[PDB]
Amino acid sequence: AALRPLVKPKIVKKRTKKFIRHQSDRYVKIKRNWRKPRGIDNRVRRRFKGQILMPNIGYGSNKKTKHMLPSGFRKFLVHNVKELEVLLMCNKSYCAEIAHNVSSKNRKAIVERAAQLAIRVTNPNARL
Amino acid sequence: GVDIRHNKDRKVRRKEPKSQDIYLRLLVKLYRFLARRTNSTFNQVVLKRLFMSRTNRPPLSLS
Amino acid sequence: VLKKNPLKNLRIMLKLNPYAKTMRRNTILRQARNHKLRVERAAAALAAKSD
Amino acid sequence: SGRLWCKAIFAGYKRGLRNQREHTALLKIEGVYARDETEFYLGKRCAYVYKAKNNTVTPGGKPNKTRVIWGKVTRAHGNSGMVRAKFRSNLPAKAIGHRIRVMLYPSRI
Amino acid sequence: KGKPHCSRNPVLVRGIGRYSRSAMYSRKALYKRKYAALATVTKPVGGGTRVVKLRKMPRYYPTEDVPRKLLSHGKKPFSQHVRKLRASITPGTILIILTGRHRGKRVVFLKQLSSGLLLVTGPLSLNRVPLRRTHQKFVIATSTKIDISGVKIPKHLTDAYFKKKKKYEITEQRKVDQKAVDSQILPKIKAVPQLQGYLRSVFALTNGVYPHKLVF
Amino acid sequence: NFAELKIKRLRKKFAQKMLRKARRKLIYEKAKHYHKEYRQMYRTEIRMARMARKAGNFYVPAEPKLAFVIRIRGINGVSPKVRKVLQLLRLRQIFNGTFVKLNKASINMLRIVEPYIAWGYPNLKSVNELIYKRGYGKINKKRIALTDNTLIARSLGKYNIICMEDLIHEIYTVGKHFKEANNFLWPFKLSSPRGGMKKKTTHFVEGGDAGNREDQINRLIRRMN
Amino acid sequence: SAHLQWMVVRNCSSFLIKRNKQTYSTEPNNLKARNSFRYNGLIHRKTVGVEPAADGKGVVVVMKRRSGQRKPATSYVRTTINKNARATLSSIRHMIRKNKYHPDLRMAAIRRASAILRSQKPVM
Amino acid sequence: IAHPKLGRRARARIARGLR
RNA sequence: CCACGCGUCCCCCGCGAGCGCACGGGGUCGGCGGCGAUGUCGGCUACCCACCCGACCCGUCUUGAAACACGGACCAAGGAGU
RNA sequence: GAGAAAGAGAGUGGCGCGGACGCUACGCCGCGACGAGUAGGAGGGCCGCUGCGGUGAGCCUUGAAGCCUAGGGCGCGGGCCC
Ligand SMILES: [Mg+2]
Ligand SMILES: [Mg+2]
Ligand SMILES: [Mg+2]
Ligand SMILES: [Mg+2]
Ligand SMILES: [Mg+2]
Ligand SMILES: [Mg+2]
Ligand SMILES: [Mg+2]
Ligand SMILES: [Mg+2]
Ligand SMILES: [Mg+2]
Ligand SMILES: [Mg+2]
Ligand SMILES: [Mg+2]
Ligand SMILES: [Mg+2]
Ligand SMILES: [Mg+2]
Ligand SMILES: [Mg+2]
Ligand SMILES: [Mg+2]
Ligand SMILES: [Mg+2]
Ligand SMILES: [Mg+2]
Ligand SMILES: [Mg+2]
């Protein structure tokens with residue numbers, strides 16, 4: 001089995017779809033990253049019915065289950081082995097993640113140090 | 001809905017000084033405690049006066 | 001605190017109003033006693049039907 | 001060795017004229033046609049049973065193609081014995097006018 | 001210490017005693033009943049005497065630990081809930097089992113077991129239904145009863161007797177209890193005409209047959 | 001030594017327990033006397049109507065002094081005079097409701113607002129279930145739901161109002177401190193009327209729901225509550 | 001003093017590390033390794049620290065002494081504890097409790113000693 | 001009796017008489 | 001009947017113990033059942049397709065734009081309060 | 001936390017070595033009511049880009065920047081990590 005967290009609440013998320021920016025589906029020049037549109041006759045901005053939704057604050061996640069992975073953990077981006085004695089104490093809440101640019105002969109040292117220190121790694125078998 | 005007007009809904013006054021001075025903020029940490037935890041209102045006035053701006057606490061003279 | 005309903009729930013009602021216990025005792029005694037009295041008048045009327 | 005489910009038809013979602021709410025099915029049960037008469041079916045497990053392409057499990061048996069979406073019957077609707085159901089995942093509109101079984105087993109009799 | 005009495009208030013409705021506080025002062029007779037005012041063992045060792053500490057300190061501490069829950073009151077465990085039947089189910093009632101592999105079959109109900117469940121046999125000579133438990137909710141109860149009050153159900157069969165162990169092979173005392181209760185039930189239901197054919201037959205719904213309209 | 005400290009704190013804890021128990025006996029016998037007073041108030045009007053009828057004369061009863069006022073029409077498009085009188089009657093949301101004692105200033109304030117409200121003369125059962133089910137208190141301008149008698153007694157103890165049924169007695173028998181007790185009560189937030197409204201935009205006389213239905217408000221509190 | 005040093009080290013220190021909406025402090029004598037006034041290992045007159053030994057068994061417990069504050073070489077005292085897991089924790093408990101030596105974090109030291117001993121008994 | 005200062009001896013007398 | 005006993009002066013007529021049940025400062029079970037190694041189990045989101053309800057194309061000037069108002073074929077880089 | 005201006009105040013005579021979390025005080029927590037928005041104004045950005053002083057005994061030929069991706073994800077979102 002893996003390394004189970006301390007507490008594992010049911011993570012209720014209010015919305016699972018992303019917010020695509022209005023008329024991102026039309027053009028290639030319009031990238032789908034959300035921009036609140038300042039049009040004066042704009043059908044989305046003034047909230048018509050059946051239109052693209054807007055990202056209000058009320059879609060914000062619960063603070064107890066925010067940034068929380070489906071395993072129950074939270075990430076922490078780790079570059080070297082000296083950044084696992086940091087999570088030596090946050091064993092049950094915060095899990096480690098190895099950076100992309102980190103070499104193989106250092107990534108496996110990170111992985112076996114985290115296996116000693118009982119810290120779950122999100123990507124423990126990355127390159128090899 | 002409710003027919004409130006939300007114009008003056010937010011009190012404008014300071015919660016903290018706009019200074020990153022650290023001796024002033026340690027005096028704030030002492031008088032936050034004394035104003036929160038005594039019943040004397042001298043400490044609340046001294047808390048509110050450490051909060052202020054340079055042009056709100058003008059220098060009185062020795063005269 | 002969660003507001004429990006004093007009209008449905010009973011010990012909240014007694015927590016707010018301890019005389020409500022004797023008003024709701026005396027009225028259950030009253031309902032049962034008047035019920036017995038009306039059943040006795042109905043059975044006496046059936047005896048009058050037999051006579 | 002016969003049928004143990006009443007026949008019901010998924011008429012539509014619970015809807016208004018310019019809005020529908022897909023969390024609540026409208027079920028039309030055969031034979032009951034009044035609110036005086038719909039009282040027996042409140043709280044019954046209802047189910048939309050459908051087949052598929054690839055095999056899935058079947059408890060108390062071996063895997064086959066058939067699949068379900070369970071639910072329950074919540075409250076009457078209208079005056080013609082129409083009723084509301086809530087399924088644990090919302091019904092596809094594939095199911096409009098197709099047989100939902102409405103069981104008997106949460107009995108109160 | 002004295003021998004305990006029972007509650008001198010007869011329960012009128014739930015939560016309300018039939019006698020007020022002064023009447024219960026009188027009935028309890030408080031007027032004449034007034035009043036006024038570990039961790040170490042020492043063991044011998046072949047040395048001296050060693051003061052062993054039981055309840056030792058823990059060997060390990062987890063790096064992060066949950067707090068204690070808030071205390072709430074009415075949330076009893078399952079084994080001490082209050083158990084209810086429906087009104088339509090009395091011992092002797094014929095039932096229509098609706099959910100198991102014995103679905104649709106008509107069955108004589110015996111008694112209300114300790115964990116809420118019903119005890120069941122439509123006798124195994126008739127419709128191949130053993131001494132089984134059945135859940136109250138999952139069962140249509142018809143209005144067909146037998147005069148079952150003069151039977152002796154064995155006292156050694158409860159939830160701990162029917163609860164599953166872990167190929168399933170029928171033990172001997174299952175057969176012995178099955179026979180010892182069927183020899184008491186089956187002649188009692190051959191006394192009612194056409195009842196054994198009813199209990200061998202299965203319930204089913206055909207066309208034009210609606211359970212709200214039909215009385216059973 | 002602490003052989004004195006623990007017995008002194010036990011004597012203090014026992015003293016405040018005995019004080020609380022005497023307060024609960026006070027609240028009990030006050031609620032009993034209030035029940036007797038309501039019996040006498042209800043039978044007095046019947047007895048006087050009977051004596052007037054057997055003397056042949058008529059008996060105009062006491063013109064009612066306590067109304068319950070419900071805002072039935074929404075925020076949008078309200079004349080400003082009606083706006084100001086509604087927000088002195090503390091009917092801001094739709095389907096709110098406040099108790100209001102009646103006199104010459106108050107009745108005329110109510111009939112400025114009259115197309116926007118439904119107001120009537122509530123029964124003792126209406127006053128009861130409004131205080132028990134929807135009755136919260138404006139404590140330190142927060143809306144604390146009234147769960148104990150101490151929430152009422154810490155704010156209204158100086159008007160000799162120490163429990164919830166004493167608050168009910170004040171509201172129903174409009175007393176000296178009706179202003180203070182009613183203003184302690186937050187404006188009631190009733191639900192939409194179960195069964196419905198016959199017509200929102202017309203007076204009760206004209207086959208509608210606005211205006212002064214007199215004691216038919218006790219039909220309507222029961223289904224907005 | 002101590003608060004004066006904390007008002008400087010609280011945001012612009014090099015042991016501080018801020019990413020993934022978390023914050024930590026990688027300083028050499030920090031129980032629980034997190035950025036706080038309570039646990040900081042540089043700004044107090046008295047401080048414990050729990051480190052694994054150079055030999056791969058047991059815990060070196062670091063104490064900050066009282067006299068030589070401005071003398072960083074003869075400021076810290078090491079004690080190596082290479083025992084069972086019960087008496088190692090009992091020694092750290094007595095050392096921080098019965099000296100009345102900064103008892104804010106006796107339990108944090110016991111957690112950290114236990115986590116080191118967990119990591120120091122062999123792997124599954 | 002039930003208000004604190006003036007009913008102090010009264011509540012004390014009831015508390016003694018309960019024995 | 002939310003009334004408790006004693007002792008005295010007056011008038012008119014302050015610490016008793018023990019347990020236990022719970023309509024009592026927000027859910028628990030000290031209750032269970034199934035299927036699981038080459039075909040199944042879980043992944044809302046992201047790939048395709050289907051169905052129902054909704055659903056006019058953006059910017060802009062406007063009292064009012066989907067307009068039979070003007071600008072816009074598509075894309076990459078540059079591009080405007082210094 | 002308790003309906004009631006203010007002391008679990010001091011004085012003078014008649015065995016077992018045990019007790020969770022916390023408090024980046026710019027932190028953490030508790031109560032209530034509230035949430036429309038063009039022109040506009042303000043706040044917060046652990047949103048983003050390029051360069052400089054510090055710093056991470058940072059990363060990198062055991063493969064950095066970039067680019068592609070039906071893969072796993074986080075955040076209301078800007079975006080970001082794999
Ligand atoms: Mg336009
Ligand atoms: Mg417009
Ligand atoms: Mg609103
Ligand atoms: Mg506004
Ligand atoms: Mg403003
Ligand atoms: Mg209008
Ligand atoms: Mg209705
Ligand atoms: Mg359409
Ligand atoms: Mg233009
Ligand atoms: Mg122009
Ligand atoms: Mg024009
Ligand atoms: Mg304009
Ligand atoms: Mg045109
Ligand atoms: Mg033209
Ligand atoms: Mg033009
Ligand atoms: Mg053109
Ligand atoms: Mg560009
Ligand atoms: Mg807004």
# chains A, B, ... in the order shown; residues from 1 in each chain; ligands from 1
call {"tool": "residues_around", "arguments": {"residues": "residue H:15", "least_positions_apart": "4", "cutoff": "8 Å", "atoms": "only C-alpha atoms (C1' of nucleotides)", "output": "VMD selection string"}}
result
(chain F and resid 18) or (chain H and resid 11 19) or (chain I and resid 14)
call {"tool": "write_last_selection", "arguments": {"atoms": "C-alpha atoms (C1' of nucleotides)", "output": "PDB file, in the first residue's frame"}}
result
ATOM      1  CA  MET F  18     -28.932  27.433  44.282  1.00  0.00           C
TER       2      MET F  18
ATOM      3  CA  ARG H  11     -31.565  31.012  49.557  1.00  0.00           C
ATOM      4  CA  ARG H  19     -31.050  18.767  55.108  1.00  0.00           C
TER       5      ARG H  19
ATOM      6  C1'   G I  14     -25.139  28.446  52.433  1.00  0.00           C
TER       7        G I  14
END
call {"tool": "residues_around", "arguments": {"residues": "stretch 16-19 of chain J", "least_positions_apart": "3", "cutoff": "8 Å", "atoms": "only C-alpha atoms (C1' of nucleotides)", "output": "ChimeraX atom specification"}}
result
/E:39-40,53
call {"tool": "write_last_selection", "arguments": {"atoms": "C-alpha atoms", "output": "compact mmCIF listing (two decimals), in the first residue's frame"}}
result
# COMPACT_ATOMS: atom_id res chain seq x y z
CA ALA E 39 0.35 2.27 38.69
CA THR E 40 3.31 0.36 40.18
CA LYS E 53 5.52 0.39 36.28
call {"tool": "residues_near_ligand", "arguments": {"ligand": "ligand 18", "cutoff": "8 Å", "atoms": "only C-alpha atoms (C1' of nucleotides) and all ligand atoms", "output": "list in words"}}
result
residues 35, 36 and 37 of chain J
call {"tool": "select_by_dssp", "arguments": {"residues": "chain E", "states": "strand (DSSP E or B)", "output": "PyMOL selection string"}}
result
chain E and resi 11-13+16-17+40-45+48-53+93-97+105-112+118-120+132-134+139-145+202+205
call {"tool": "write_last_selection", "arguments": {"atoms": "N, CA and C atoms", "output": "CSV table (one decimal), in the first residue's frame"}}
result
chain,number,residue,atom,x,y,z
E,11,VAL,N,-45.3,6.0,32.7
E,11,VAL,CA,-45.0,6.9,31.6
E,11,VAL,C,-46.3,7.2,30.8
E,12,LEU,N,-46.6,8.5,30.8
E,12,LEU,CA,-47.9,9.0,30.2
E,12,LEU,C,-47.7,9.1,28.7
E,13,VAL,N,-46.9,10.0,28.3
E,13,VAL,CA,-46.3,10.0,26.9
E,13,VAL,C,-44.8,10.0,27.2
E,16,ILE,N,-42.8,12.6,29.7
E,16,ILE,CA,-43.7,13.2,30.7
E,16,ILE,C,-44.2,12.2,31.7
E,17,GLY,N,-43.9,12.3,33.0
E,17,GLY,CA,-44.4,11.4,34.0
E,17,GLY,C,-45.8,11.8,34.3
E,40,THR,N,2.1,1.1,40.0
E,40,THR,CA,3.3,0.4,40.2
E,40,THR,C,3.1,-0.9,40.9
E,41,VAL,N,3.8,-2.0,40.6
E,41,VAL,CA,3.9,-3.2,41.3
E,41,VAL,C,5.3,-3.3,41.7
E,42,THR,N,5.6,-3.9,42.9
E,42,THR,CA,6.9,-4.2,43.3
E,42,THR,C,7.1,-5.7,43.3
E,43,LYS,N,8.0,-6.2,42.4
E,43,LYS,CA,8.2,-7.6,42.3
E,43,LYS,C,9.6,-8.0,42.8
E,44,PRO,N,9.8,-9.2,43.3
E,44,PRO,CA,11.1,-9.6,43.6
E,44,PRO,C,11.8,-10.2,42.4
E,45,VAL,N,13.1,-9.9,42.3
E,45,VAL,CA,14.0,-10.4,41.2
E,45,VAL,C,15.3,-10.9,41.8
E,48,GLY,N,17.2,-7.4,44.1
E,48,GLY,CA,16.6,-6.7,45.2
E,48,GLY,C,15.1,-6.8,45.0
E,49,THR,N,14.4,-5.7,45.0
E,49,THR,CA,13.0,-5.6,44.6
E,49,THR,C,12.8,-4.5,43.6
E,50,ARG,N,12.2,-4.8,42.5
E,50,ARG,CA,12.1,-3.9,41.3
E,50,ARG,C,10.6,-3.4,41.2
E,51,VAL,N,10.5,-2.1,41.2
E,51,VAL,CA,9.2,-1.4,41.1
E,51,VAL,C,8.9,-1.3,39.6
E,52,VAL,N,8.2,-2.3,39.1
E,52,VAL,CA,7.8,-2.3,37.7
E,52,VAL,C,6.6,-1.3,37.6
E,53,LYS,N,6.6,-0.5,36.6
E,53,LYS,CA,5.5,0.4,36.3
E,53,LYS,C,4.6,-0.2,35.2
E,93,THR,N,-47.6,-14.8,10.4
E,93,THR,CA,-48.0,-14.1,9.1
E,93,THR,C,-47.3,-14.7,7.9
E,94,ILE,N,-48.0,-14.8,6.8
E,94,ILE,CA,-47.3,-15.2,5.6
E,94,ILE,C,-46.8,-13.9,4.9
E,95,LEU,N,-45.5,-14.0,4.4
E,95,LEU,CA,-44.8,-12.9,3.9
E,95,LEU,C,-44.4,-13.2,2.5
E,96,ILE,N,-44.1,-12.2,1.7
E,96,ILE,CA,-43.7,-12.3,0.3
E,96,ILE,C,-42.3,-11.7,0.3
E,97,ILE,N,-41.3,-12.6,0.1
E,97,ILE,CA,-39.9,-12.1,0.2
E,97,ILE,C,-39.6,-11.5,-1.2
E,105,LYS,N,-41.3,-15.5,-3.0
E,105,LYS,CA,-41.9,-16.7,-2.4
E,105,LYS,C,-42.6,-16.3,-1.1
E,106,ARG,N,-43.7,-17.1,-0.9
E,106,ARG,CA,-44.5,-16.9,0.3
E,106,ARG,C,-44.0,-17.8,1.4
E,107,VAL,N,-44.0,-17.2,2.6
E,107,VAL,CA,-43.2,-17.7,3.7
E,107,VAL,C,-43.9,-17.4,5.1
E,108,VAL,N,-43.8,-18.4,6.0
E,108,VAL,CA,-44.4,-18.2,7.3
E,108,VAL,C,-43.3,-17.5,8.2
E,109,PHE,N,-43.7,-16.4,8.8
E,109,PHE,CA,-42.9,-15.7,9.7
E,109,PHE,C,-43.0,-16.2,11.1
E,110,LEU,N,-41.9,-16.3,11.8
E,110,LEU,CA,-41.8,-16.9,13.1
E,110,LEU,C,-41.7,-15.9,14.3
E,111,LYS,N,-40.6,-15.1,14.3
E,111,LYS,CA,-40.4,-14.3,15.4
E,111,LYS,C,-39.5,-13.1,15.1
E,112,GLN,N,-39.4,-12.1,15.9
E,112,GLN,CA,-38.6,-10.9,15.8
E,112,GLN,C,-37.3,-11.1,16.5
E,118,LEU,N,-36.2,-10.4,11.0
E,118,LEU,CA,-37.3,-11.4,11.2
E,118,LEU,C,-36.7,-12.8,11.1
E,119,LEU,N,-37.3,-13.7,11.7
E,119,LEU,CA,-37.0,-15.1,11.5
E,119,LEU,C,-38.1,-15.7,10.6
E,120,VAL,N,-37.6,-16.7,9.8
E,120,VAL,CA,-38.4,-17.0,8.6
E,120,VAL,C,-38.2,-18.5,8.3
E,132,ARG,N,-34.2,-18.9,8.0
E,132,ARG,CA,-33.4,-17.8,7.5
E,132,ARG,C,-33.8,-16.6,8.2
E,133,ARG,N,-33.0,-15.6,8.2
E,133,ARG,CA,-33.3,-14.3,8.6
E,133,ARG,C,-33.8,-13.5,7.4
E,134,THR,N,-34.7,-12.5,7.6
E,134,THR,CA,-35.1,-11.7,6.5
E,134,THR,C,-35.3,-10.3,7.1
E,139,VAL,N,-40.0,-6.7,2.5
E,139,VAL,CA,-41.0,-7.9,2.6
E,139,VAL,C,-42.4,-7.3,2.5
E,140,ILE,N,-43.2,-7.8,1.6
E,140,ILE,CA,-44.6,-7.6,1.6
E,140,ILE,C,-45.3,-8.6,2.5
E,141,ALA,N,-46.1,-8.1,3.5
E,141,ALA,CA,-46.8,-8.9,4.5
E,141,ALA,C,-48.3,-9.0,4.1
E,142,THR,N,-48.7,-10.2,3.7
E,142,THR,CA,-50.1,-10.3,3.4
E,142,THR,C,-50.9,-10.5,4.7
E,143,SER,N,-52.2,-10.5,4.5
E,143,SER,CA,-53.1,-10.6,5.7
E,143,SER,C,-53.6,-12.1,5.8
E,144,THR,N,-52.6,-13.0,5.9
E,144,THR,CA,-53.0,-14.4,6.0
E,144,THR,C,-52.1,-15.0,7.1
E,145,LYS,N,-52.8,-15.4,8.2
E,145,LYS,CA,-52.1,-15.8,9.4
E,145,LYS,C,-52.4,-17.2,9.8
E,202,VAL,N,-45.4,-18.9,-6.2
E,202,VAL,CA,-44.6,-17.6,-6.0
E,202,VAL,C,-45.4,-16.4,-6.5
E,205,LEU,N,-46.2,-10.3,-10.7
E,205,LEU,CA,-47.1,-9.3,-11.3
E,205,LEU,C,-47.3,-9.6,-12.7
call {"tool": "select_by_dssp", "arguments": {"residues": "stretch 24-135 of chain E", "states": "helix (DSSP H, G or I)", "output": "list in words"}}
result
residues 24, 25, 26, 27, 28, 30, 31, 32, 78, 79, 80, 124, 125, 126 and 127 of chain E
call {"tool": "residues_near_ligand", "arguments": {"ligand": "ligand 17", "cutoff": "8 Å", "atoms": "only C-alpha atoms (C1' of nucleotides) and all ligand atoms", "output": "PDB file with N, CA and C atoms (P, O5', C5', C4', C3', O3' and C1' of nucleotides), in the first residue's frame"}}
result
ATOM      1  P     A I  77       2.899  34.864 -30.985  1.00  0.00           P
ATOM      2  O5'   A I  77       3.883  36.026 -31.434  1.00  0.00           O
ATOM      3  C5'   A I  77       5.267  35.951 -31.154  1.00  0.00           C
ATOM      4  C4'   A I  77       6.052  36.997 -31.905  1.00  0.00           C
ATOM      5  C3'   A I  77       5.846  38.431 -31.475  1.00  0.00           C
ATOM      6  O3'   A I  77       6.585  38.754 -30.318  1.00  0.00           O
ATOM      7  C1'   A I  77       5.757  38.301 -33.819  1.00  0.00           C
ATOM      8  P     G I  78       5.982  39.744 -29.217  1.00  0.00           P
ATOM      9  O5'   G I  78       5.946  41.148 -29.961  1.00  0.00           O
ATOM     10  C5'   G I  78       7.148  41.879 -30.153  1.00  0.00           C
ATOM     11  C4'   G I  78       6.991  43.027 -31.125  1.00  0.00           C
ATOM     12  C3'   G I  78       6.168  44.210 -30.658  1.00  0.00           C
ATOM     13  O3'   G I  78       6.870  45.077 -29.794  1.00  0.00           O
ATOM     14  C1'   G I  78       5.545  43.650 -32.848  1.00  0.00           C
ATOM     15  P     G I  79       6.095  45.764 -28.579  1.00  0.00           P
ATOM     16  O5'   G I  79       4.863  46.481 -29.267  1.00  0.00           O
ATOM     17  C5'   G I  79       4.970  47.792 -29.784  1.00  0.00           C
ATOM     18  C4'   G I  79       3.618  48.302 -30.189  1.00  0.00           C
ATOM     19  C3'   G I  79       2.619  48.457 -29.067  1.00  0.00           C
ATOM     20  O3'   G I  79       2.742  49.705 -28.406  1.00  0.00           O
ATOM     21  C1'   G I  79       1.617  47.332 -30.889  1.00  0.00           C
TER      22        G I  79
END
call {"tool": "interface_residues", "arguments": {"of": "chain I", "to": "chain E", "cutoff": "12 Å", "atoms": "only C-alpha atoms (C1' of nucleotides)", "output": "PyMOL selection string"}}
result
chain I and resi 1-5+15-33
call {"tool": "write_last_selection", "arguments": {"atoms": "C-alpha atoms (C1' of nucleotides)", "output": "PDB file, in the first residue's frame"}}
result
ATOM      1  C1'   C I   1     -49.825  21.483  44.768  1.00  0.00           C
ATOM      2  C1'   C I   2     -41.991  24.005  41.892  1.00  0.00           C
ATOM      3  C1'   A I   3     -45.526  23.205  49.818  1.00  0.00           C
ATOM      4  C1'   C I   4     -41.770  20.517  54.555  1.00  0.00           C
ATOM      5  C1'   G I   5     -38.115  20.388  59.416  1.00  0.00           C
ATOM      6  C1'   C I  15     -20.143  22.402  51.141  1.00  0.00           C
ATOM      7  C1'   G I  16     -25.085  15.037  51.976  1.00  0.00           C
ATOM      8  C1'   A I  17     -23.782  11.285  49.001  1.00  0.00           C
ATOM      9  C1'   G I  18     -23.927   7.463  45.111  1.00  0.00           C
ATOM     10  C1'   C I  19     -25.201   5.493  40.556  1.00  0.00           C
ATOM     11  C1'   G I  20     -28.582   5.597  36.053  1.00  0.00           C
ATOM     12  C1'   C I  21     -32.095   7.197  31.906  1.00  0.00           C
ATOM     13  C1'   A I  22     -32.316  10.901  28.351  1.00  0.00           C
ATOM     14  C1'   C I  23     -37.310  14.902  22.798  1.00  0.00           C
ATOM     15  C1'   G I  24     -30.976  18.241  26.731  1.00  0.00           C
ATOM     16  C1'   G I  25     -24.217  23.404  23.724  1.00  0.00           C
ATOM     17  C1'   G I  26     -25.094  20.168  15.149  1.00  0.00           C
ATOM     18  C1'   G I  27     -23.959  11.500  13.639  1.00  0.00           C
ATOM     19  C1'   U I  28     -23.092   7.519  15.038  1.00  0.00           C
ATOM     20  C1'   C I  29     -23.143   2.155  14.843  1.00  0.00           C
ATOM     21  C1'   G I  30     -19.407  -1.318  20.794  1.00  0.00           C
ATOM     22  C1'   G I  31     -24.265  -3.179  12.542  1.00  0.00           C
ATOM     23  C1'   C I  32     -23.952  -5.763   7.904  1.00  0.00           C
ATOM     24  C1'   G I  33     -23.571  -8.030   2.382  1.00  0.00           C
TER      25        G I  33
END
call {"tool": "residues_around", "arguments": {"residues": "residue C:7", "least_positions_apart": "6", "cutoff": "8 Å", "atoms": "only C-alpha atoms (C1' of nucleotides)", "output": "list in words"}}
result
residues 13 of chain C; 129, 132 and 133 of chain F
call {"tool": "write_last_selection", "arguments": {"atoms": "C-alpha atoms", "output": "PDB file, in the first residue's frame"}}
result
ATOM      1  CA  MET C  13     -39.292  23.895  25.324  1.00  0.00           C
TER       2      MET C  13
ATOM      3  CA  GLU F 129     -45.286  30.285  17.725  1.00  0.00           C
ATOM      4  CA  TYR F 132     -40.704  30.157  19.606  1.00  0.00           C
ATOM      5  CA  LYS F 133     -40.109  29.224  15.968  1.00  0.00           C
TER       6      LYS F 133
END
